[PDB]
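Student: Let me give you the structure first, and then I'll get to my questions.
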Amino acid sequence: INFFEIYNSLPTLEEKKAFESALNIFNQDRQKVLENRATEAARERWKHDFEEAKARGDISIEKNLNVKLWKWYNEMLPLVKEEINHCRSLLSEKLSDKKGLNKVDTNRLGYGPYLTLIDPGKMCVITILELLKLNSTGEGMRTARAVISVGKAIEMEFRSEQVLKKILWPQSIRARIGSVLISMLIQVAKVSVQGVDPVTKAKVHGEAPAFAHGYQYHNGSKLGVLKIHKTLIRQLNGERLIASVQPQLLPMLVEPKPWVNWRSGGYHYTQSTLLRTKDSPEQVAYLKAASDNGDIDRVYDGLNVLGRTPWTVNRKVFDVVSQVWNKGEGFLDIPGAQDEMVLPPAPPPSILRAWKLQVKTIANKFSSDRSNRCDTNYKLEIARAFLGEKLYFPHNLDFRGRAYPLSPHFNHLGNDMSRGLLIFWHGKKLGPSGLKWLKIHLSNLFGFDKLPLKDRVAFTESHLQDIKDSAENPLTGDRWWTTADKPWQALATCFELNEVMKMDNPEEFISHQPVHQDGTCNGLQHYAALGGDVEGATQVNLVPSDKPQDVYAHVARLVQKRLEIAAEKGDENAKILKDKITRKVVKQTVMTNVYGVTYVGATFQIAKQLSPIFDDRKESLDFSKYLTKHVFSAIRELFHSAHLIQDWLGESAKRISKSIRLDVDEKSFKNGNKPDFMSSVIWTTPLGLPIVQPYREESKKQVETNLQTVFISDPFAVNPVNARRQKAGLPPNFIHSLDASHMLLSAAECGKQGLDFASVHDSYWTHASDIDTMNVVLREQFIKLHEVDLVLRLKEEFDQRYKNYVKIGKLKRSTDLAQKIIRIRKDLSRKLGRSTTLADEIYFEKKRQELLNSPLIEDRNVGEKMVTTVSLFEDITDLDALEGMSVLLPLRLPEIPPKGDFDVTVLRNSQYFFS
Amino acid sequence: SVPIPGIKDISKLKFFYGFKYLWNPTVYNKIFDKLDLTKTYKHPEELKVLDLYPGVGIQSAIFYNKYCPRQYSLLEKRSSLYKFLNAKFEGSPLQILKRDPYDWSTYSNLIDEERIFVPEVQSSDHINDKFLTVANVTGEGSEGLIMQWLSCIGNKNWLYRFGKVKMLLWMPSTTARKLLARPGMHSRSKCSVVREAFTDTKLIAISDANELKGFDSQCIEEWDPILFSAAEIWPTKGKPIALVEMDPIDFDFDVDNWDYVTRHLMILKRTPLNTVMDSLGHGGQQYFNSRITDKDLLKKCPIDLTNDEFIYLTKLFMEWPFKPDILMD
DNA sequence: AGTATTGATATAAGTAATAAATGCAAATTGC
DNA sequence: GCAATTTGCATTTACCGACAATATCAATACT
RNA sequence: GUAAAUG
């Protein structure tokens, strides 16, 4: 049955609404079935199999897998009950004095509430699931994650009942609970086995422990493997019934739960976090505080509107891709069917090295083809299963703010074919605006976006017979569609235009294609508004203009001139590359540059986008680096205000990383005068999202567990910050936060208007009918966002938040200005009896502000009479200019670079803002 | 006699690669007197000596000046040290050979298809009177090369198929402590049990008298090492230097199974035998509890066991039918 | 005093070490 | 103050030469 | 660790 075809066949809006409601109600149950966790189904199945075996009365080893798992569950439940009883006897005692007991109760409170019955299911299922998951077959996994995976599984299991109504468990507690549960399972994991005694040469019948703990040496390190019995391996290999507890992530069928809190929102029976916080407690704490206060409600609204777009799968494109799929030949995007990895001939030393290179290249090609084919397998099975269904995508933000879909296998964030296999569920009246916009969409899909609007429409009109043929004969025809740059999207839109031309009146047509309104270098368009640079704005198509001035084309022209000069001076590689400078590669590099990309990443990108062009066939790195060395110079020489603003942000990041607290360091941190930096760059977006950079120095520490001491990195413990990473990460983090803010404001305004808005970061998608309204909304939201001085607001918020912070700086002691500080430390030295300590200096400085903290008059007057080492530095206007001996310096943040004179109301009338 | 490298000559050198040596003829002749090598070798003049990592070569010069063997070979790769050796031993019966003893391909190439050195072959009845090797592996970086060199005796895949040959082994003193420890001592490990199984040792020298507390007191009483001043190793940064004298002995067991049992038992070298046996395989603990007769052994520590008891454990492991494949790797 | 905690060294043994080569030099911290 | 040393925007998927390493033991910090 | 995808 085809729900999409039925809904299309219904012409009336009222019956369409009734159909949508009926399908929502009908698919509620299907969604619940799809999201059910296999913690009860596996137990019921095992009990059913055991009952069937008991009733039948005949022993069958092949079917005995579930019966054996039931036996393990029975032998393991009372022992976990005993451990829980030990817990509840231990913690509940009134006296809280430790009497030298040999027990640990940190995990006890962890597994106190419910961890009695559903647990052995998780341990059995996970330990069996990791058959050779960690390349431990030489069977078995690594205990390091085996204990944590059980803890992680319990984590999700505990949240399962909470959502049915201790935010984050430490990795130490996770490992502890996992190890105790696995050891308990190991005790009662018995299985029948037969072996031959060399004394008798006859089969010997008995029992053996199913899972035996052991340690394995690899290059000089104990690994702590957790092996599995060979008979069990044999039995599990045949059945191939994983029955995993946690179902995978698939596109929803019911309208997703709107975001309300930082913790609830999205899937109807699963926990999802508003931030993709990998592992950090500070981000979670600040996000929770922001949620409780209520200062990201507009972010909630933006995510709601971005996620409330219903989709479906494009049947015709699905049929075409399925046909080429079953053909399985070497095709443009899908790799094809490969049989075997051909072995290069093995020589019986230069020849040997050439053979080694060939072997490595062939193995790499094998791995790449296999990975691509497996992905394509999963994507196409999902599409095949989801034909004629409503596909709601609930979205989610990473820590910076950019919105992502929750389902990671089938989404419009994927490649070209994945995007093409998707169309809007809704249909809306196309009209003249829709016709023009959809023709423009195909024109820019073919890569001809750098040309004006009328020229694009003329191009689409011109290749009318080409569209007709490419849609009439998808294969073995002219195959003009493959000549494009976005093949499957081009195929879908061509299909639609061919049908339109076959229709007498284009106005009556009902459209489903998503029309692409993207932007060129959103990062540059945000530097332009931040710095007020008129030259940048007129370079990046921000000011109104008759024709769009493409930034990638401009930088390509500049690098072409540069390499022409290089060819004149005599570089052979420049001479070769004189005529083959590509907008694609220069675009990718320029676009990534604003994202704080590194040199290695950029040269990898140029090599990646140069290899298909085959300027150099295999050694793509050697030419890519040579291109980068000139391309970065060109970009930097063209862009000035952007560079100044990012330099200010990076310098501020450094001066924040090297900071020192006041209250925290008042208590001795046990390192004496040598301090421990513990402050991270933190600010609020215009929307209000607290953006805490997570970079820190994490070092692993062995945690005691019953099985062994697992060597894990505990993020929950306080660690120092990584100054290098934070400085390198501040500018792109800020810019991406601004992009996300613009994205979410635009989405909220579009939802208020009543549109369908699906967006991939900067690029925005809507039906061809409402492109005009979406463009107006885009421009209005951008100007509203950047009508105020965000960089100045950021600097004053840094000053407000980091007011009472003391940097560390090593000025020369011989400087005549040292006299006051020398006197202060000398009196402290007399009181201390030795050299003055930085901890005592911080304590005295805090005492100075402590007196001023109390509004009481005598507290203020004496506080005004107090003299500290820092107060000496408060008199210099330019401390950085003044700046050996280490001494306390107050936190000084440089003033914002000068702002230009730019007008967002002027940019508003630029049709080529987002083409 | 050959020209011994002088202290002034060794002073000019810069790249020792982390190898500590000695430059004392008095200390070396005292060491030789303690060794009393002529007792085992009835006819020393037919000895063939194959020196590994000669480095400075002073030890080799002393050895040759004292005994005057028949054939003498030195194996090295380091560029500066090879330059020194080649520049110092032109025309001498010292055979200066450039190969890296870290690779068994070097031995496999040197043994027969090139006939670089011809080791006279002997049976396992008596320690060889012809072939001999002296190795200086004081470089702390390459110390497991010793473990490979020592398991080679058991596998018999190295030259040790040629009979029973001594290999005097200059070792970092901490490695000597690890090898030479006795049961109940902190430094006993797989090195110690492999040593007890495949050879016997006599400590012959040590730099710092302070670390002698680490060794066994009774062993020191039996040995009486030739102690020398710690101001005699040219790189003063490195740790003190010890010497060991290993003589392979006849043994009766299966090397691979013995390696499996000992290696997987010495990981838990403090938890007694009542619990550590589980690590060998499934049901190993319960089976070996059922079968082991000497109930004192059941509580003796894995660091308190000796090679004889480990051989007993290997025999029981072989008698065990459910024995998982030792090529589990 | 006396347990408790943290830092260091070994473990296997062919994913070697030494120093000789290279890099992206620039932003970083070694001392 | 110098000097040599370490490594870099966000997310997602699949794969394998292969990944967060573990056990004493001593030196010292806690009630 | 490697490879691919997306902005």
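Naming scheme: A, B, ... for chains in displayed order of the structure tokens; residues 1 onward per chain; ligands 1 onward as shown.
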Hey, what does DSSP flag as strand (DSSP E) within stretch 10-68 of chain B? Can you give it to me as a PDB file with N, CA, C and O atoms, in the first residue's frame?
Tutor:
```
ATOM      1  N   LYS B  48      85.623 -20.647  19.346  1.00  0.00           N
ATOM      2  CA  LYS B  48      85.173 -19.680  18.355  1.00  0.00           C
ATOM      3  C   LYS B  48      84.236 -18.708  19.055  1.00  0.00           C
ATOM      4  O   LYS B  48      83.213 -19.119  19.610  1.00  0.00           O
ATOM      5  N   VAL B  49      84.586 -17.425  19.030  1.00  0.00           N
ATOM      6  CA  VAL B  49      83.890 -16.406  19.803  1.00  0.00           C
ATOM      7  C   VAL B  49      83.152 -15.483  18.845  1.00  0.00           C
ATOM      8  O   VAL B  49      83.734 -15.000  17.866  1.00  0.00           O
ATOM      9  N   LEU B  50      81.876 -15.240  19.130  1.00  0.00           N
ATOM     10  CA  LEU B  50      81.011 -14.413  18.290  1.00  0.00           C
ATOM     11  C   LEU B  50      80.427 -13.309  19.167  1.00  0.00           C
ATOM     12  O   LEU B  50      79.406 -13.510  19.828  1.00  0.00           O
ATOM     13  N   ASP B  51      81.063 -12.143  19.158  1.00  0.00           N
ATOM     14  CA  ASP B  51      80.719 -11.054  20.061  1.00  0.00           C
ATOM     15  C   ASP B  51      79.622 -10.180  19.472  1.00  0.00           C
ATOM     16  O   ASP B  51      79.709  -9.737  18.324  1.00  0.00           O
ATOM     17  N   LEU B  52      78.596  -9.930  20.276  1.00  0.00           N
ATOM     18  CA  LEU B  52      77.437  -9.152  19.873  1.00  0.00           C
ATOM     19  C   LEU B  52      77.400  -7.835  20.633  1.00  0.00           C
ATOM     20  O   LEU B  52      77.662  -7.795  21.839  1.00  0.00           O
TER      21      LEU B  52
END
```
Student: Residues of chain A were defined as contacting chain B if any atom lay at most 12 Å from it, counting only C-alpha atoms; please report them as a VMD selection string.
Tutor: chain A and resid 135 to 140 186 to 231 707 to 708
Student: With the cut-off set at 6 Å and counting only C-alpha atoms (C1' of nucleotides), tabulate each residue of chain A with an atom at most that distance from an atom of chain E, showing the nearest atom pair and its distance in Å to one decimal, ordered by chain and increasing number, as a Markdown table.
Tutor:
```
| residue | atom | partner | partner_atom | distance |
| --- | --- | --- | --- | --- |
| A:368 | CA | E:3 | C1' | 5.6 |
| A:413 | CA | E:6 | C1' | 5.6 |
| A:415 | CA | E:5 | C1' | 5.9 |
```
Student: If you keep N, CA, C and O atoms, can you produce a file of those selected residues as a PDB file, in the first residue's frame?
Tutor:
```
ATOM      1  N   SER A 368      37.771   0.932   0.870  1.00  0.00           N
ATOM      2  CA  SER A 368      36.916   2.052   0.494  1.00  0.00           C
ATOM      3  C   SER A 368      35.655   1.567  -0.210  1.00  0.00           C
ATOM      4  O   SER A 368      34.540   2.000   0.114  1.00  0.00           O
ATOM      5  N   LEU A 413      21.205  15.448   5.397  1.00  0.00           N
ATOM      6  CA  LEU A 413      22.610  15.790   5.561  1.00  0.00           C
ATOM      7  C   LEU A 413      23.528  14.862   4.782  1.00  0.00           C
ATOM      8  O   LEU A 413      24.738  15.101   4.731  1.00  0.00           O
ATOM      9  N   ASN A 415      24.686  12.393   1.290  1.00  0.00           N
ATOM     10  CA  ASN A 415      25.229  12.724  -0.015  1.00  0.00           C
ATOM     11  C   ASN A 415      24.108  13.015  -1.015  1.00  0.00           C
ATOM     12  O   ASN A 415      22.923  13.087  -0.670  1.00  0.00           O
TER      13      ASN A 415
END
```
Student: Could you list, as a PyMOL selection string, every residue within 9 Å of stretch 3-18 of chain D, counting only C-alpha atoms (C1' of nucleotides) and ignoring same-chain residues fewer than 5 positions away?
Tutor: (chain A and resi 135+367-368+370-372+374-375+398-400+402+404+408-409+413-414+592+594-600+724-725+728-733+736) or (chain C and resi 15+28-31) or (chain E and resi 1-7)
Student: With a cut-off of 6 Å and counting only C-alpha atoms (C1' of nucleotides), select all residues of chain C in contact with chain B and give the selection as a list in words.
Tutor: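 Listed by rising number, the hits are residues 13, 17 and 18 of chain C.
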